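The next block holds one structure in the form of structure tokens; read it before the comments.
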Amino acid sequence: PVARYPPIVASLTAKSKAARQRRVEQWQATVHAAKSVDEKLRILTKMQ
Amino acid sequence: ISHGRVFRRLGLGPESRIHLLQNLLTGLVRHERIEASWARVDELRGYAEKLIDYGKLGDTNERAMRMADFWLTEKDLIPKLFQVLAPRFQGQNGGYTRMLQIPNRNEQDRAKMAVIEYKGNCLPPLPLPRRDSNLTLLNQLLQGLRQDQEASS
Amino acid sequence: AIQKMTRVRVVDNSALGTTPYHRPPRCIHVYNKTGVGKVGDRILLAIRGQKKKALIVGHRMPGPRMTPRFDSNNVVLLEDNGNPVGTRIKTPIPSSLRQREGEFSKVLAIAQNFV
Amino acid sequence: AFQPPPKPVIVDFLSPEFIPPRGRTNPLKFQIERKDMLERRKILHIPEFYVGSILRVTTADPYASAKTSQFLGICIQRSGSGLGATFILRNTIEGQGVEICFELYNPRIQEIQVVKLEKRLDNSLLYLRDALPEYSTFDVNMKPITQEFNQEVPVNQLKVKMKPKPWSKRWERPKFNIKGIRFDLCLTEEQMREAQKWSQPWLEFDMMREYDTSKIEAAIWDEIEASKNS
Amino acid sequence: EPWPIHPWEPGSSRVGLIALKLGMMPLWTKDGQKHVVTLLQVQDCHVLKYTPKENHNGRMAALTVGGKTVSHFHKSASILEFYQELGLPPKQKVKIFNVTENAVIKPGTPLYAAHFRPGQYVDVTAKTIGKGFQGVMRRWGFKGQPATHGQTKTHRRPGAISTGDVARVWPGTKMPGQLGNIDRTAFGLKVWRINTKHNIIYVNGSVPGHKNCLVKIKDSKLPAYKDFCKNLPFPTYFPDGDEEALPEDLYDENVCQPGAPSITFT
Ligand SMILES: [Mg+2]
Ligand SMILES: [Mg+2]
Ligand SMILES: [Mg+2]
Ligand SMILES: [Mg+2]
Ligand SMILES: [Mg+2]
Ligand SMILES: [Mg+2]
Ligand SMILES: [Mg+2]
Ligand SMILES: [Mg+2]
């Protein structure tokens, strides 16, 4: 009875800069969902 | 032996063909008129005709909604599909798309290319092949035949 | 479809078909000119290290319409004179075997259930 | 010889064979076959039954003691188009499962009686061969069960146990789409993940392999009504 | 203006028809057996031209029969002129039937599926389903090599084709090539049912050629049924000659009709 529309967010596996930004937001959300500060620091600094 | 076959082989397989057709359909929905290979456009014509019929089923139809979600990769086109193309295609039964063969691409491949266009779009009309006017010699002779037939009854 | 090297199941109550053995009863040769046997064809078996004759009762391959199909290749032991060695048959038997009564008279005389 | 007074009353489908195939066969053949099958149905009463229902079929057997042969079993599947439609009945008799494929319009059939009109979770339950014998055992002398029309043919949601591997077919593959098999007790998580590699999600949204038969069914229903009024 | 009708003779032959292959159906017999019939629909059968016996063969005359109607816009000028002089629209398939001189029919005569009566043997000629340039295993049925016992690029090769001393291959050697797109004739096909309203013939057995294709039907030339045409209408079936409408469906003496008492054995 009510129209249900999917979100207008960009794709996740695409090559576009919007997709790259979505992946960046995904890993930042993973950092947010991390519980301990040690895990947060490990995720934030695991890239070299 | 390819007797009784309606789907042609494209891409790297069935799933690759489905993805290519989905991308072409998304582009066609977004731009209201696209040009591609003649075989690809001919294959996409059926899916384009089916998509309009699915959209005409209503916005609240869950099957149509999920079909649009699968096909239209750009989710901003689904509201466009359900609120522009479907409303403007109501009395039309199957005349939703127009396909015309264009000259070969200037690239060295020299591929056979076609152009597909949704009717009633906000784009300049294509150079459609128009029939000869009734003022021609043969057309006027046929008009005379028609007048004689009408007068005979 | 029963052919050579087929492990079948003996139905009639006989010593060979009841006493366990370390090798299942395999087919030896199909007396039909075709290497594939059907219901009602004399066949040769190697049961418990000795040769014997048998009659095909049912097979797992689909056949003609309205023809019963079984879940096991059931066979009944038969002697060289055409008389079954078993006492009675418990499992159901297709009714098409009663079409030819001359060669299967004593074989069908011991059958209880017909399907 | 007293009169016994019971119930006071105090309270206030198109058969699958009629569907033509997806081929480009001329409609005249379909019309002729439908006319012939309606003529056959005028004499032989073919009741409504789905896959999973239990039926009893009487056949003309010349080599039996009596010319009538009775076979009762559950309908494994129905397949075919037009006059050649067939249905498979399965029943375990004395531990030996027997499957017979009867033809709907065969003249040798005397009577088809539905003793239990009941749907199941699968459109084609070919897995009863690999299932336990309890699900294939049915009493031959069971009595017919009559149900109200408002029940709308209730579907029996029954999870069926399975014999250990191997099976007759790979029922865990997505191509079968079976929900009536209790897979959580017969298969492991690794096997379930492995079976998913044959899944083809694009076939559900292909939009072109589907078969639309609304107008065909309407025309067939109109012809059936005309034949009945005839 | 009908041509004179000559009496049937034992050494006479009848003309055939050109029908369309609709499909296949089951048909049960009164003895409990089940046969498969093929539906051949006679849409437009017309005699186009007549060729004299001396000018065609010197033994038997030739009658030309046309198939179903086709469009004028895709036929040649000579064919269109011939059909304009004949007075009929162009046909798709044009065939020639060898008939005796006493069974000749005037050109322009239409023909109906009632030409064959229930219970008769006919020969069917048609182009079979063309499978194209197929391999030798599918064409001649040659067995292939073992699949995985070390064979290298040979699983479907024909293998040896000739002998060393001959230094050549014989013309009769079986090799891969075109398969299917050739005219074949099936003999001795029994007919069970004749539907008059739709002009449909039910022929027992398989019919060479795909569905919705033209099929040339004639009587059986086999010696077992050489003189079966005595009871049949000798010239052809004239719906106006009898002045009586035939029943909708004519069945054979053994065909279990759709309206049946559900026969049971005794
Ligand atoms: Mg030994
Ligand atoms: Mg198997
Ligand atoms: Mg071909
Ligand atoms: Mg091989
Ligand atoms: Mg090697
Ligand atoms: Mg190899
Ligand atoms: Mg090598
Ligand atoms: Mg030489």
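Ordered as shown in the structure tokens, chains take letters A, B, and onward, while each chain numbers its residues from 1 and ligands are numbered from 1 in the order shown.
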Residues within 9 Å of residue C:99, only C-alpha atoms, excluding chain neighbours under 2 positions, as a VMD selection string: (chain C and resid 95 to 97 101) or (chain D and resid 62 to 63)
Give one line per residue of chain A that approaches chain B to at most 10 Å, naming the two atoms of the closest pair and their distance in Å to one decimal, counting only C-alpha atoms; sort by chain then ascending residue number and deliver it as a tab-separated table.
residue	atom	partner	partner_atom	distance
A:1	CA	B:60	CA	6.0
A:2	CA	B:60	CA	6.0
A:3	CA	B:60	CA	4.8
A:4	CA	B:60	CA	7.2
A:5	CA	B:79	CA	7.7
A:6	CA	B:75	CA	6.8
A:7	CA	B:75	CA	6.9
A:8	CA	B:75	CA	5.1
A:9	CA	B:75	CA	7.5
A:10	CA	B:74	CA	7.5
A:11	CA	B:73	CA	7.9
Atoms kept (N, CA and C atoms) for selection, written as a PDB file, in the first residue's frame:
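Okay, this is what ended up in part21.pdb:
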ATOM      1  N   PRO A   1       0.814  -1.220   0.000  1.00  0.00           N
ATOM      2  CA  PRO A   1       0.000   0.000   0.000  1.00  0.00           C
ATOM      3  C   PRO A   1       0.846   1.269   0.000  1.00  0.00           C
ATOM      4  N   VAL A   2       2.109   1.143   0.397  1.00  0.00           N
ATOM      5  CA  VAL A   2       3.043   2.262   0.448  1.00  0.00           C
ATOM      6  C   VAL A   2       4.261   1.921  -0.401  1.00  0.00           C
ATOM      7  N   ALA A   3       4.663   2.860  -1.253  1.00  0.00           N
ATOM      8  CA  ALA A   3       5.822   2.660  -2.112  1.00  0.00           C
ATOM      9  C   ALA A   3       7.088   2.580  -1.270  1.00  0.00           C
ATOM     10  N   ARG A   4       7.902   1.560  -1.526  1.00  0.00           N
ATOM     11  CA  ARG A   4       9.145   1.329  -0.799  1.00  0.00           C
ATOM     12  C   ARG A   4      10.301   1.482  -1.779  1.00  0.00           C
ATOM     13  N   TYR A   5      11.104   2.533  -1.594  1.00  0.00           N
ATOM     14  CA  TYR A   5      12.199   2.806  -2.509  1.00  0.00           C
ATOM     15  C   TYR A   5      13.543   2.458  -1.883  1.00  0.00           C
ATOM     16  N   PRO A   6      14.442   1.841  -2.644  1.00  0.00           N
ATOM     17  CA  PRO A   6      15.785   1.555  -2.135  1.00  0.00           C
ATOM     18  C   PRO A   6      16.586   2.835  -1.977  1.00  0.00           C
ATOM     19  N   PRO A   7      17.610   2.835  -1.124  1.00  0.00           N
ATOM     20  CA  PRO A   7      18.412   4.048  -0.939  1.00  0.00           C
ATOM     21  C   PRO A   7      19.154   4.429  -2.211  1.00  0.00           C
ATOM     22  N   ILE A   8      19.396   5.728  -2.355  1.00  0.00           N
ATOM     23  CA  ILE A   8      20.033   6.271  -3.548  1.00  0.00           C
ATOM     24  C   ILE A   8      21.551   6.377  -3.374  1.00  0.00           C
ATOM     25  N   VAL A   9      22.121   5.628  -2.430  1.00  0.00           N
ATOM     26  CA  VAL A   9      23.568   5.620  -2.257  1.00  0.00           C
ATOM     27  C   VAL A   9      24.221   4.949  -3.461  1.00  0.00           C
ATOM     28  N   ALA A  10      25.479   5.300  -3.711  1.00  0.00           N
ATOM     29  CA  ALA A  10      26.205   4.756  -4.847  1.00  0.00           C
ATOM     30  C   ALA A  10      26.488   3.268  -4.647  1.00  0.00           C
ATOM     31  N   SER A  11      27.024   2.647  -5.694  1.00  0.00           N
ATOM     32  CA  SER A  11      27.388   1.241  -5.642  1.00  0.00           C
ATOM     33  C   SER A  11      28.634   1.045  -4.780  1.00  0.00           C
TER      34      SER A  11
END
Just the number, please: distance in Å from atom CA of residue E:159 to atom CA of residue E:139, one decimal.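 These two atoms are separated by 14.7 Å.
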Can you pull out every residue with an atom within 12 Å of ligand 5? Use only C-alpha atoms and all ligand atoms and format it as a list in words. residues 148, 149, 150, 151, 152, 153 and 154 of chain E
Enumerate as an mmCIF file with N, CA, C and O atoms, in the first residue's frame the residues belonging to chain D that approach chain E to within 7 Å, with only C-alpha atoms taken into account.
data_model
loop_
_atom_site.group_PDB
_atom_site.id
_atom_site.type_symbol
_atom_site.label_atom_id
_atom_site.label_comp_id
_atom_site.auth_asym_id
_atom_site.auth_seq_id
_atom_site.Cartn_x
_atom_site.Cartn_y
_atom_site.Cartn_z
ATOM 1 N N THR D 25 4.259 -24.069 -32.010
ATOM 2 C CA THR D 25 3.278 -24.939 -32.641
ATOM 3 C C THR D 25 2.000 -24.163 -32.945
ATOM 4 O O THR D 25 1.606 -23.255 -32.209
ATOM 5 N N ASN D 26 1.359 -24.524 -34.052
ATOM 6 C CA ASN D 26 0.167 -23.813 -34.490
ATOM 7 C C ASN D 26 -0.963 -23.993 -33.477
ATOM 8 O O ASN D 26 -1.152 -25.091 -32.943
ATOM 9 N N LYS D 29 -3.685 -27.113 -33.595
ATOM 10 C CA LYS D 29 -3.430 -28.383 -32.924
ATOM 11 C C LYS D 29 -3.854 -28.325 -31.463
ATOM 12 O O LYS D 29 -4.469 -29.266 -30.949
ATOM 13 N N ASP D 36 -10.736 -32.620 -28.025
ATOM 14 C CA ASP D 36 -10.730 -34.060 -27.782
ATOM 15 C C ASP D 36 -10.647 -34.375 -26.293
ATOM 16 O O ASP D 36 -11.325 -35.291 -25.808
ATOM 17 N N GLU D 39 -13.972 -33.769 -24.745
ATOM 18 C CA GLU D 39 -14.868 -34.875 -25.071
ATOM 19 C C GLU D 39 -14.581 -36.090 -24.198
ATOM 20 O O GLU D 39 -15.509 -36.769 -23.743
ATOM 21 N N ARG D 40 -13.300 -36.385 -23.965
ATOM 22 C CA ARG D 40 -12.946 -37.490 -23.078
ATOM 23 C C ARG D 40 -13.393 -37.219 -21.645
ATOM 24 O O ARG D 40 -13.908 -38.119 -20.970
ATOM 25 N N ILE D 43 -17.001 -38.026 -20.520
ATOM 26 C CA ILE D 43 -17.313 -39.371 -20.051
ATOM 27 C C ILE D 43 -16.555 -39.684 -18.767
ATOM 28 O O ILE D 43 -17.147 -40.094 -17.762
ATOM 29 N N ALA D 60 -8.136 -51.103 -16.397
ATOM 30 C CA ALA D 60 -8.665 -52.303 -17.039
ATOM 31 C C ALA D 60 -7.506 -53.255 -17.309
ATOM 32 O O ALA D 60 -6.767 -53.095 -18.284
ATOM 33 N N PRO D 62 -6.556 -57.068 -18.208
ATOM 34 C CA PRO D 62 -7.146 -58.337 -18.661
ATOM 35 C C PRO D 62 -6.565 -59.566 -17.985
ATOM 36 O O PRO D 62 -7.262 -60.585 -17.898
ATOM 37 N N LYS D 67 -11.198 -57.836 -13.829
ATOM 38 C CA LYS D 67 -10.824 -56.887 -14.871
ATOM 39 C C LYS D 67 -10.469 -55.513 -14.321
ATOM 40 O O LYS D 67 -9.815 -54.736 -15.023
ATOM 41 N N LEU D 83 -3.573 -33.961 -24.541
ATOM 42 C CA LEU D 83 -4.114 -35.299 -24.336
ATOM 43 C C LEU D 83 -3.092 -36.276 -23.770
ATOM 44 O O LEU D 83 -3.482 -37.354 -23.311
ATOM 45 N N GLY D 84 -1.808 -35.932 -23.784
ATOM 46 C CA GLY D 84 -0.784 -36.857 -23.341
ATOM 47 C C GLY D 84 -0.301 -36.619 -21.926
ATOM 48 O O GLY D 84 0.774 -37.092 -21.548
ATOM 49 N N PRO D 107 -7.910 -44.518 -22.184
ATOM 50 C CA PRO D 107 -9.246 -45.126 -22.090
ATOM 51 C C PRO D 107 -9.321 -46.321 -21.155
ATOM 52 O O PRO D 107 -10.433 -46.721 -20.788
ATOM 53 N N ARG D 108 -8.190 -46.900 -20.757
ATOM 54 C CA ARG D 108 -8.198 -48.062 -19.878
ATOM 55 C C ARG D 108 -8.418 -47.697 -18.416
ATOM 56 O O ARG D 108 -8.559 -48.599 -17.584
ATOM 57 N N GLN D 110 -10.639 -46.605 -15.410
ATOM 58 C CA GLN D 110 -12.058 -46.678 -15.091
ATOM 59 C C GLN D 110 -12.511 -45.549 -14.174
ATOM 60 O O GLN D 110 -13.567 -44.952 -14.406
#
Selection near residue C:80, 12 Å with only C-alpha atoms, sequence-local residues under 5 positions removed, as a count of residues only: 9
Could you pull out the alpha helix (DSSP H) residues of stretch 76-255 of chain E, going by DSSP on the backbone, and write them as a PyMOL selection string? chain E and resi 77-86+136-139+239-242
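For chain D, the residues no farther than 8 Å from chain C when using only C-alpha atoms are residues 61, 63, 64, 93, 94, 95, 96, 97, 98, 99, 100, 101, 102, 103 and 129 of chain D.
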All residues having an atom within 12 Å of ligand 1 (only C-alpha atoms and all ligand atoms) as a CSV table (one decimal) with C-alpha atoms, in the first residue's frame:
chain,number,residue,atom,x,y,z
C,22,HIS,CA,30.6,-61.6,1.0
C,23,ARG,CA,29.9,-60.6,-2.6
C,46,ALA,CA,26.8,-65.6,-10.1
C,47,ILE,CA,25.4,-66.1,-6.6
C,48,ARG,CA,27.7,-67.3,-3.8
C,49,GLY,CA,30.4,-68.4,-6.2
C,50,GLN,CA,28.2,-70.5,-8.4
C,51,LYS,CA,26.2,-70.0,-11.6
Compute the chain B side of the contact with chain E at 12 Å, counting only C-alpha atoms, and hand it back as a VMD selection string. chain B and resid 1 to 4
Contacts of residue E:143 at 12 Å (only C-alpha atoms; same-chain gap of 3+ positions) as a tab-separated table (two decimals) with N, CA and C atoms, in the first residue's frame:
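This is the output file around_8.tsv:
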chain	number	residue	atom	x	y	z
E	135	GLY	N	29.28	-33.31	-37.67
E	135	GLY	CA	30.41	-34.20	-37.61
E	135	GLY	C	30.03	-35.62	-37.99
E	136	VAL	N	31.07	-36.44	-38.19
E	136	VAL	CA	30.86	-37.80	-38.65
E	136	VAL	C	30.13	-38.66	-37.63
E	137	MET	N	30.36	-38.44	-36.33
E	137	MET	CA	29.69	-39.23	-35.31
E	137	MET	C	28.18	-39.01	-35.33
E	138	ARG	N	27.75	-37.76	-35.50
E	138	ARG	CA	26.32	-37.48	-35.59
E	138	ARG	C	25.76	-37.84	-36.96
E	139	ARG	N	26.58	-37.79	-38.01
E	139	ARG	CA	26.08	-38.02	-39.36
E	139	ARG	C	25.95	-39.51	-39.66
E	140	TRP	N	27.06	-40.24	-39.65
E	140	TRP	CA	27.05	-41.65	-40.00
E	140	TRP	C	27.01	-42.58	-38.79
E	146	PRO	N	38.21	-43.34	-27.03
E	146	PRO	CA	38.05	-43.21	-25.58
E	146	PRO	C	38.33	-41.80	-25.10
E	147	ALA	N	37.60	-41.39	-24.06
E	147	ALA	CA	37.58	-40.00	-23.63
E	147	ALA	C	38.84	-39.57	-22.90
E	154	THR	N	41.41	-36.28	-30.46
E	154	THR	CA	40.88	-37.32	-31.33
E	154	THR	C	39.49	-37.82	-30.93
E	155	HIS	N	38.86	-37.26	-29.90
E	155	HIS	CA	37.64	-37.84	-29.35
E	155	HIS	C	36.51	-37.95	-30.36
E	156	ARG	N	36.53	-37.14	-31.42
E	156	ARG	CA	35.49	-37.22	-32.44
E	156	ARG	C	36.04	-37.32	-33.85
E	157	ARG	N	37.34	-37.54	-34.03
E	157	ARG	CA	37.89	-37.68	-35.36
E	157	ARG	C	37.41	-38.98	-36.00
E	158	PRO	N	37.21	-38.99	-37.32
E	158	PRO	CA	36.80	-40.24	-37.99
E	158	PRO	C	37.85	-41.33	-37.94
E	159	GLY	N	39.12	-41.00	-37.69
E	159	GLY	CA	40.17	-41.99	-37.68
E	159	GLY	C	40.69	-42.31	-39.07
What's the separation between atom CA of residue D:193 and atom CA of residue D:170, in Å to one decimal place?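 Taking atom CA of residue D:193 as the start and atom CA of residue D:170 as the end point, the length is 14.0 Å.
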12 Å contact set for residue A:23, only C-alpha atoms, chain neighbours under 4 positions out, as an mmCIF file with C-alpha atoms, in the first residue's frame:
data_model
loop_
_atom_site.group_PDB
_atom_site.id
_atom_site.type_symbol
_atom_site.label_atom_id
_atom_site.label_comp_id
_atom_site.auth_asym_id
_atom_site.auth_seq_id
_atom_site.Cartn_x
_atom_site.Cartn_y
_atom_site.Cartn_z
ATOM 1 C CA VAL A 9 23.568 5.620 -2.257
ATOM 2 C CA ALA A 10 26.205 4.756 -4.847
ATOM 3 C CA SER A 11 27.388 1.241 -5.642
ATOM 4 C CA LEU A 12 29.996 -0.558 -3.537
ATOM 5 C CA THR A 13 31.948 -2.628 -6.093
ATOM 6 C CA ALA A 14 32.066 0.023 -8.832
ATOM 7 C CA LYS A 15 35.191 1.853 -9.986
ATOM 8 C CA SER A 16 33.644 5.312 -9.552
ATOM 9 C CA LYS A 17 34.882 7.905 -7.082
ATOM 10 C CA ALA A 18 31.453 7.679 -5.448
ATOM 11 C CA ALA A 19 32.040 3.955 -4.912
ATOM 12 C CA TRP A 27 35.743 1.311 6.751
ATOM 13 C CA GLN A 28 35.249 4.479 8.811
ATOM 14 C CA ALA A 29 31.976 2.981 10.063
ATOM 15 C CA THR A 30 33.898 -0.193 10.900
#
Extract, using only C-alpha atoms, all DNA, RNA and protein residues at most 12 Å from residue C:4, discarding same-chain residues fewer than 6 positions from it, and format them as an MDAnalysis selection string. chainID C and resid 25:32 34:37 43:46
What would the file look like if the residues just selected were written as a PDB file, in the first residue's frame with N, CA and C atoms?
ATOM      1  N   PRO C  25      25.124 -60.636  -5.374  1.00  0.00           N
ATOM      2  CA  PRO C  25      24.868 -61.374  -6.618  1.00  0.00           C
ATOM      3  C   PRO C  25      24.880 -60.473  -7.842  1.00  0.00           C
ATOM      4  N   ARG C  26      25.856 -60.674  -8.720  1.00  0.00           N
ATOM      5  CA  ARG C  26      25.990 -59.894  -9.940  1.00  0.00           C
ATOM      6  C   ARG C  26      25.511 -60.693 -11.145  1.00  0.00           C
ATOM      7  N   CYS C  27      25.080 -59.966 -12.172  1.00  0.00           N
ATOM      8  CA  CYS C  27      24.634 -60.592 -13.406  1.00  0.00           C
ATOM      9  C   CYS C  27      25.817 -61.148 -14.186  1.00  0.00           C
ATOM     10  N   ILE C  28      25.579 -62.250 -14.884  1.00  0.00           N
ATOM     11  CA  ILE C  28      26.593 -62.890 -15.710  1.00  0.00           C
ATOM     12  C   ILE C  28      26.381 -62.587 -17.188  1.00  0.00           C
ATOM     13  N   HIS C  29      25.165 -62.798 -17.686  1.00  0.00           N
ATOM     14  CA  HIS C  29      24.879 -62.644 -19.106  1.00  0.00           C
ATOM     15  C   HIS C  29      23.373 -62.568 -19.298  1.00  0.00           C
ATOM     16  N   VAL C  30      22.944 -61.721 -20.228  1.00  0.00           N
ATOM     17  CA  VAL C  30      21.536 -61.570 -20.573  1.00  0.00           C
ATOM     18  C   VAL C  30      21.252 -62.414 -21.806  1.00  0.00           C
ATOM     19  N   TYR C  31      20.288 -63.328 -21.691  1.00  0.00           N
ATOM     20  CA  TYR C  31      19.965 -64.242 -22.781  1.00  0.00           C
ATOM     21  C   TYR C  31      19.317 -63.548 -23.972  1.00  0.00           C
ATOM     22  N   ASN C  32      18.848 -62.316 -23.810  1.00  0.00           N
ATOM     23  CA  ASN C  32      18.338 -61.562 -24.940  1.00  0.00           C
ATOM     24  C   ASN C  32      19.487 -61.164 -25.862  1.00  0.00           C
ATOM     25  N   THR C  34      19.995 -58.371 -27.182  1.00  0.00           N
ATOM     26  CA  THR C  34      20.492 -57.091 -26.706  1.00  0.00           C
ATOM     27  C   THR C  34      21.123 -57.267 -25.329  1.00  0.00           C
ATOM     28  N   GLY C  35      22.159 -56.477 -25.062  1.00  0.00           N
ATOM     29  CA  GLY C  35      22.866 -56.572 -23.801  1.00  0.00           C
ATOM     30  C   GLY C  35      22.098 -55.979 -22.637  1.00  0.00           C
ATOM     31  N   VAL C  36      20.929 -55.411 -22.919  1.00  0.00           N
ATOM     32  CA  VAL C  36      20.070 -54.808 -21.909  1.00  0.00           C
ATOM     33  C   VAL C  36      18.843 -55.690 -21.738  1.00  0.00           C
ATOM     34  N   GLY C  37      18.567 -56.083 -20.500  1.00  0.00           N
ATOM     35  CA  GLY C  37      17.432 -56.929 -20.191  1.00  0.00           C
ATOM     36  C   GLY C  37      16.285 -56.144 -19.583  1.00  0.00           C
ATOM     37  N   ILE C  43      17.940 -64.537 -17.370  1.00  0.00           N
ATOM     38  CA  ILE C  43      19.244 -63.929 -17.136  1.00  0.00           C
ATOM     39  C   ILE C  43      20.089 -64.890 -16.311  1.00  0.00           C
ATOM     40  N   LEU C  44      21.402 -64.680 -16.344  1.00  0.00           N
ATOM     41  CA  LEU C  44      22.360 -65.529 -15.650  1.00  0.00           C
ATOM     42  C   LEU C  44      23.032 -64.742 -14.533  1.00  0.00           C
ATOM     43  N   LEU C  45      23.162 -65.374 -13.369  1.00  0.00           N
ATOM     44  CA  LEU C  45      23.703 -64.741 -12.176  1.00  0.00           C
ATOM     45  C   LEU C  45      24.813 -65.600 -11.589  1.00  0.00           C
ATOM     46  N   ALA C  46      25.725 -64.945 -10.877  1.00  0.00           N
ATOM     47  CA  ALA C  46      26.786 -65.606 -10.121  1.00  0.00           C
ATOM     48  C   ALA C  46      26.510 -65.337  -8.643  1.00  0.00           C
TER      49      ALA C  46
END
If you count only C-alpha atoms, which residues fall within 9 Å of residue B:49, apart from same-chain ones fewer than 5 positions away, as a PDB file with N, CA, C and O atoms, in the first residue's frame?
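What follows is the written file selection_18.pdb:
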ATOM      1  N   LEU B  44      18.437  -5.804 -26.420  1.00  0.00           N
ATOM      2  CA  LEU B  44      17.944  -4.944 -25.352  1.00  0.00           C
ATOM      3  C   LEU B  44      16.528  -4.447 -25.607  1.00  0.00           C
ATOM      4  O   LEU B  44      15.868  -3.991 -24.668  1.00  0.00           O
ATOM      5  N   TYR B  54       6.463  -3.772 -16.674  1.00  0.00           N
ATOM      6  CA  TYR B  54       6.623  -3.965 -15.236  1.00  0.00           C
ATOM      7  C   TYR B  54       6.369  -2.672 -14.469  1.00  0.00           C
ATOM      8  O   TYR B  54       5.736  -2.688 -13.406  1.00  0.00           O
ATOM      9  N   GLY B  94       2.419  -1.648 -27.012  1.00  0.00           N
ATOM     10  CA  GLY B  94       3.736  -2.214 -27.222  1.00  0.00           C
ATOM     11  C   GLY B  94       4.675  -1.314 -27.999  1.00  0.00           C
ATOM     12  O   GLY B  94       5.801  -1.709 -28.314  1.00  0.00           O
ATOM     13  N   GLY B  95       4.224  -0.105 -28.314  1.00  0.00           N
ATOM     14  CA  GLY B  95       5.056   0.850 -29.020  1.00  0.00           C
ATOM     15  C   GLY B  95       5.836   1.742 -28.077  1.00  0.00           C
ATOM     16  O   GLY B  95       5.613   2.955 -28.032  1.00  0.00           O
ATOM     17  N   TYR B  96       6.754   1.151 -27.313  1.00  0.00           N
ATOM     18  CA  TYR B  96       7.498   1.896 -26.306  1.00  0.00           C
ATOM     19  C   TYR B  96       8.877   2.333 -26.780  1.00  0.00           C
ATOM     20  O   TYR B  96       9.373   3.374 -26.334  1.00  0.00           O
ATOM     21  N   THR B  97       9.508   1.571 -27.669  1.00  0.00           N
ATOM     22  CA  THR B  97      10.871   1.839 -28.102  1.00  0.00           C
ATOM     23  C   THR B  97      10.942   1.911 -29.620  1.00  0.00           C
ATOM     24  O   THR B  97      10.136   1.300 -30.328  1.00  0.00           O
TER      25      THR B  97
END
Can you measure atom CA of residue D:121 to atom CA of residue D:109 for me? One decimal in Å is fine.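 One can read the atom CA of residue D:121 to atom CA of residue D:109 distance as 28.7 Å.
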